[PDB]
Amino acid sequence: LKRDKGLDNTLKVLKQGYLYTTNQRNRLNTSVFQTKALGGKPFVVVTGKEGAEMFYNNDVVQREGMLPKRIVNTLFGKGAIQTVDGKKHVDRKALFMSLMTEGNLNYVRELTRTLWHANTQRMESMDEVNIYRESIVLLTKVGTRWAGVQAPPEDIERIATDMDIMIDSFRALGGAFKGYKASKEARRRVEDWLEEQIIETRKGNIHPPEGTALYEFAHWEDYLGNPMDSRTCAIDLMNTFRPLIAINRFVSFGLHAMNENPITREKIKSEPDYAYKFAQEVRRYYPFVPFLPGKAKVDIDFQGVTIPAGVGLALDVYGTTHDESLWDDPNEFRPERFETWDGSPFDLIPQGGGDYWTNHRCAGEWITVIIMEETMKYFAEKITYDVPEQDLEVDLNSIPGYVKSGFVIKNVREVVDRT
């Protein structure tokens, strides 16, 4: 088992970012390697379809307790679905999956569409529009409503900012950092607000619609016959829409892709099924999740080495989505590649891999793709706009992935045939 040197390589991982793991595989000439991080903890980095298949074998890999605690404290919440494994996890995961009906998915589609259409005037009136910011505010509107949570309009900008702080809080991979305290306080504010809504729902003082997250989470009973305690219930209720709001990252990246590859715009407009392919390709190509932590429960034989019991595991998300053998030209943006993708659970893993129901794989992938379809269709078809000189760099050596400027547009004008 080959190794990246030192006693602790955390600073080096942060310096190389999304390119760390691939830099190490190239220079060490291997598909699998160990490194130490987060204070001398050994992690074996696995990649590709075989890496993802093993990482999602529950007989042999633990996820519980493996997330850095500071990231639990800011991004997910204590006792969240991401923190639990086994029967308890499967049971609670089914509640999340139960929201993803045909009707509820068709509703998030309609909400996204209506709100972009309703936002056109505002964007015309602005001197410039930072798409990262504008989209995070619009998606807070979409997400709170889809989840059955009432958010007064005066509070939407605050809530969006709080979510943004939480979403960004994996940047130090669990280390201390300047905004850590502010990040916890943002989370507290959002948990308190949601707990109040769960309490008032259970008390019968408010009446969210049946099939909404707030309704279904407030009333659900676990497999032993118990509802969640109200704080846990608020924490997991946030997990139904904070990551929806995080789609703003992908909205910024999608406008970037359309600007860099103007042929895509035309095809999103003219071509059936293309908005779907474009959305998939934003998720594959652009950086968001670098890797995911786990632990070997037992010795594991893998690609010619033995991973000892008790050692950490890191599934390389960026590496897999950018694997030369899986995608032919992994560093080119080419939506047509999805004409031949066979739907594997183990290659297109930007929001995880494996099985939705028994693994920690994202419950929100359909929603992500639907929002990205409708949002890219809007920007491609419904408005024209200019793109000013600005800093469009996406620095692959810096976690998290952002367009430096946020992606700014100007001179927004609705497309209307008035003849």
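Numbering starts at 1 and runs along the sequence shown.
If you average the C-alpha B-factors over 131-139 and over 344-352, the higher value belongs to 344-352. Checked against the record, the higher mean CA B factor of 81-89 and 295-303 lies with 295-303. If you compare the C-alpha temperature factors of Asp222, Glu110, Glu339, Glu281 in the entry, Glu339 comes out highest. Going by the entry's values, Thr47 shows the largest Cα B-factor out of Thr47, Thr368, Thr384, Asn359. Among the modelled residues of its chain, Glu373 has a C-alpha B-factor that falls in the lowest third according to the deposited record. In this PDB entry, the Cα temperature factor of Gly204 sits in the top third of its chain's modelled residues, the highest group.
The deposited CA B-factor of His256 belongs to the lowest third of values across its chain.
When the CA B factors of the chain's modelled residues are split into thirds, the value for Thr264 lands in the middle one. The entry lists a Cα temperature factor for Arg158 that places it in the middle third of the chain's modelled residues.
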